[PDB]
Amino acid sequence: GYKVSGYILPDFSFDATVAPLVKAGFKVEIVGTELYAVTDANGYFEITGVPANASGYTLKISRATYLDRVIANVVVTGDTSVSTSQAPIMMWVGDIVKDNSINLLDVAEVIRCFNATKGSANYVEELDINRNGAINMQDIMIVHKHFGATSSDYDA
């Protein structure tokens, strides 16, 4: 088998202290198989023991609060880098109420915790999009980056 690897990067701005939190946790799986891996703190993933496939595989990237991404035609005739640190796979945050669509329901969930601060009764880390310690308009604007998007809106 071979190794299928790459890097993933969420589509929003964040500082150095939170980088390890926002780049980890993306599950990458080869559709139709039991092969998969989850990105580490550097946004890096590596699937091993992958059988060759001249007819590229289809990969699916998922993570709570993010919009599922499907990438087809990933040819594997040896060890292959799906992406690189220099040119990582982007993932869009905002699919909070899971339904494969960034819409008003998602924004409403963040609004429910508007102005909540770390340690407060109404603070939920997952809703603190950029993880800076407070839930506010800055987080909502990030979700707005891809308002209206569904999985098919990702570059094919």
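Residue indices: 1-based, along the sequence shown.
> Between 136-144 and 14-22, which has the higher average C-alpha B-factor in the PDB entry?
Averaged over C-alpha atoms, the B-factors run higher in 14-22.
> Highest mean C-alpha temperature factor of the two stretches 121-129 and 50-58, which is it?
It is 50-58.
> Out of 40, 99, 106, 68, which residue has the highest Cα temperature factor in the PDB record?
Spelled out: the listed residue with the top C-alpha B-factor is 99.
> Lowest, middle or highest third: where is residue 91 by Cα B-factor in its chain?
Lowest third.
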